[PDB]
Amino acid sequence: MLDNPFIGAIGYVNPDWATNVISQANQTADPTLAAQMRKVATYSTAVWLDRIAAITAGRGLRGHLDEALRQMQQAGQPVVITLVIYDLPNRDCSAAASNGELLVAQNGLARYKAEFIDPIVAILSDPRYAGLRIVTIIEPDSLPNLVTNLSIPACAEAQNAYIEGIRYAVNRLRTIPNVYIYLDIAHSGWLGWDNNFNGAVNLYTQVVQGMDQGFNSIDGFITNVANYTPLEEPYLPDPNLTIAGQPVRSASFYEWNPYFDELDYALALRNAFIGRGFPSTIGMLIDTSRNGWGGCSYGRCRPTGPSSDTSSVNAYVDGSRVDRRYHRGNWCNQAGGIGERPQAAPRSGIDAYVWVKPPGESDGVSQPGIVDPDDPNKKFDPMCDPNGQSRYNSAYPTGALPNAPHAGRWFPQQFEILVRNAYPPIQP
């Protein structure tokens, strides 16, 4: 196996996502915005396996891999295709927008193994695909929910199903020599606090050391999947910087969390895991699909330096942060911008920036009363209410954009905002 599957390979371009991008560009009046959309359609995004039907629907998992072979032949270079394994029972257990089809109380773990992992592994095992690099992102949100959300019965009752299902997926996937495995580990605005950070290091160390290959069972971890947290807060580089007598991490936006950005968080986690016995060959991914924070939204434009207002930590931090969400827990349908393009080894210890969440796809429907045919357990979550308050701190609005369809469906109003707000800006 390679030390980094993203080195020396070009990213798979998902034609089914690109078709949505190009179709929206063809309906966009502004010719520069439309040309920016056409350029976005050329970048590489992950393919989500978000239900049993996704294995065969449309071109299906086999179709994407065949298309990857096609792109590899056309380019004369290896292709790296990213897959998201996303169907654990009691999925999305701390929210409502992405609850899945399998339930722990309805033989969900058994169905997960037999109807989801086993057919995926059979397909990835085909020797026709040996020349691809196949990256599997394992079950976003599941393990982070075990760190912070055990007070929710849907999470606590699922915890051993998560552990066993994830070990089962990784143990089977590790029998395939061109499959590179990354565990999801949330983002700095979720697990950055000392207690969450240490709980996560403990949890993931136990999960991996119980795998068949122990610490050799995975190739690393990914942060920021489907979230918006910046790679870097360049104007808040020191969480202990004293402003008006207080460290800036004490600001309301951070609540003493010393990790303001994903580079600090990902590299600190990598070092922590190496200290627990993981080999130094592990690498980190960061999802940069929607964390650029160009443009303007939520009453601010991107800061161009540290704030001139040093009269209080809150004023200073709020004027200096590029993450301009009202509250750091606002995960649904945010008016952010596309971030750095997918790219290999941008920083030591970082295997790649990737677009795992595909820009333009919804995080959740924005009002109740609407049922989706293809995901009958997807429901309205108040975090997606454009007129509501955050359910993590009701003093703040959700920031969610209106007119959003159910999670995963094309959200043209947000896609236009994400392209306009891209950082670095899209060049036609």
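A residue's number is simply how far along the shown sequence it sits, counting from 1.
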Which of the two stretches, 138 to 146 or 271 to 279, shows the higher mean Cα temperature factor in the record?
-> 271 to 279
Of 334 to 342 and 69 to 77, the one with larger mean CA B-factor | 69 to 77
Going by the deposited entry, which of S289, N314, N171, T82 has the highest CA temperature factor?
-> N314
Top Cα B factor in the deposited entry, candidates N227, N160, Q206, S308 | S308
Which third, lowest, middle or highest, does the CA B-factor of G360 fall in along this chain?
-> lowest
By the entry's values, the third containing the CA B factor of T42 is the lowest
Grab the CA temperature factor for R391 from the record and place it in the lowest, middle or highest third of its chain.
-> highest
Against its chain's modelled residues, does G408's Cα B factor rank lowest, middle or highest third?
-> lowest
Where the record places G165 (Cα B-factor, split into thirds across the chain) = lowest
